[PDB]
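> I'd like to ask you about the structure that follows.
Protein chains in written order, with the authors' numbering: chain A, 4 to 55; chain B, 5 to 55.
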């Protein structure tokens, strides 16, 4: 319905060639994607995908 | 700090998942598939934020 979409941060790496860190994240269904995440997010955090 | 946002380029309700899947474009031009909340449409912007 109006549920939330979250993903646990499995892996995190600061790449000089990017302007936000890159994270391997695991969504609810167990699928893992590489995405950008805000500075300050660390391995073991949970990020939320939200509509602005 | 600096917010992380991405444009929803494409979107698809797969019955094999419990949230719709989107192709999104991050500010670096990179396009990744992720889950987005029910309600977002093509052209919306999503934020990735730590809860």
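Cβ atoms here follow ideal geometry from the backbone N, Cα and C, with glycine treated the same way.
#1: Can you confirm whether residue 25/A, when its beta carbon is compared against all beta carbons of chain B, has any partner nearer than 7 Å?
#2: Kindly indicate which three-state DSSP category residue 55/A falls into: helix, strand or coil?
#3: Check the Cβ of residue 48/B against every Cβ in chain A and list those closer than 7 Å, keeping chain order.
#4: Identify every residue that forms a DSSP beta bridge with residue 10/B.
#5: Is it right to say residue 37/A is buried, meaning 16 or more other beta carbons lie within 10 angstroms of its own, or is it exposed?
#6: Can you check whether the C-beta of residue 13/B is within less than 7 Å of a C-beta belonging to chain A?
#7: Taking 7 Å as the threshold (beta carbon to beta carbon), is residue 39/B in contact with chain E?
#8: Hey, would you say residue 26/B sits closer than 7 Å to residue 12/B, going by beta carbons?
Put simply:
#1: no
#2: coil
#3: 54
#4: Bridge partners of residue 10/B: 30/B and 50/B.
#5: Exposed is the label assigned to residue 37/A, since fewer than 16 other Cβ atoms lie within 10 Å of its Cβ.
#6: Residue 13/B does not count as touching chain A.
#7: In the displayed structure, chain E is absent; the protein chains listed are A and B.
#8: yes
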